[PDB]
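First, one chain by itself in C-alpha cells, the form deposited in one PDB entry.
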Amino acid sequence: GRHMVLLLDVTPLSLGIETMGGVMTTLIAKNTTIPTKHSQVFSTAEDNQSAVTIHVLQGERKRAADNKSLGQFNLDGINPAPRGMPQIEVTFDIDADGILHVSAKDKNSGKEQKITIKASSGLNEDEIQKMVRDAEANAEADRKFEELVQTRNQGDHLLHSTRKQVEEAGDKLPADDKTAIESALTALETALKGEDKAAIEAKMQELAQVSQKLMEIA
C-alpha cells in the first residue's frame, strides 16, 4: 500500500541542447512524465571562452541540424579559465501545462540567462510522428555520426592539451622530441578530418606514446 504511480501527461519528443560537433545532447527524454526538471553541467571549448550559446532542440535525431530548434540564448561574462574548466549549469523545467523554461547559470560568475519556450515553436502532431519514424529509420547513421563526433572531440582536445604542454615546456623540450611530437600532432589532425573513428583512436594513441617526452620533463 505504498506504491508510486506515474502521471499521465508526458513529453512527446526528447528535449536538449546542441553540443560541440553539432550533436543533440538530450536533457529530458521522450516519454518523461510532466512536470519534470533536469539540470546538467557543460563547459567551454576554448581557453578563456567568454560566452556560450544554449540552443534548445526537440527531437530524436543525433545531428543537431536534424532536430527542431525551439529557441536559443547566450550566457556571457564567463571568467578566464582553461577550456573545459567553467561549469555552466543548464536547467530544463517543464511545468504541468507542458511549457518548457530553460535557464543557464555560470557556477563561478553567478551570471544567469533564461528563455520561455513557446508551444508553437515545437513540432506539430504530424511532424512528431514523422520525427519518430525518421529517427528509427536512421538509427545506425545517427549512432555512427555521434560516435565519430565524440571521437573527433576527444582528438581535438588532445591536440589542444598537447600543444599547450609543448608551449609550456619551451626550451626544456629537446628539438628532436618536439619534432616527433609535432609529427604525431599532424597525423592526428589528418585522422580527425576522416570518418574512421578507429583510425583517429589509433593516432591519438601514437600521439600519447610520443608525448612521453613531455612527461619525461615533468
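Position 1 is the first residue in the sequence shown; the rest follow in order. What we label the rigid core is the largest C-alpha set whose atoms superpose within 1.5 Å from one form to the other.
A second form of this protein, the form solved in complex with a partner chain, is not displayed here; the remarks below concern that form.
Its partner chain is not shown here, but in the deposited complex it comes within 4.5 Å of a heavy atom of residue 52. Shown alone here, residue 150 lies within 4.5 Å of its partner chain in the deposited complex, counting heavy atoms only. Among residues of the shown chain, residue 13 is not one whose heavy atoms approach its partner chain to within 4.5 Å in the deposited complex.
Its partner chain in the deposited complex comes within 4.5 Å of no heavy atom belonging to residue 199. Residues 17, 25 and 41 are all found to lie within 4.5 Å of its partner chain in the deposited complex, as judged by heavy atom distances. Residue-level contacts in the deposited complex: of 133, 114, 83, 111, one residue has a heavy atom within 4.5 Å of its partner chain, and it is 83. Once the two forms are fitted on their rigid core, between the shown form and the other one the CA displacement reaches 2 Å or more only for 81 among 115, 139, 81, 132.
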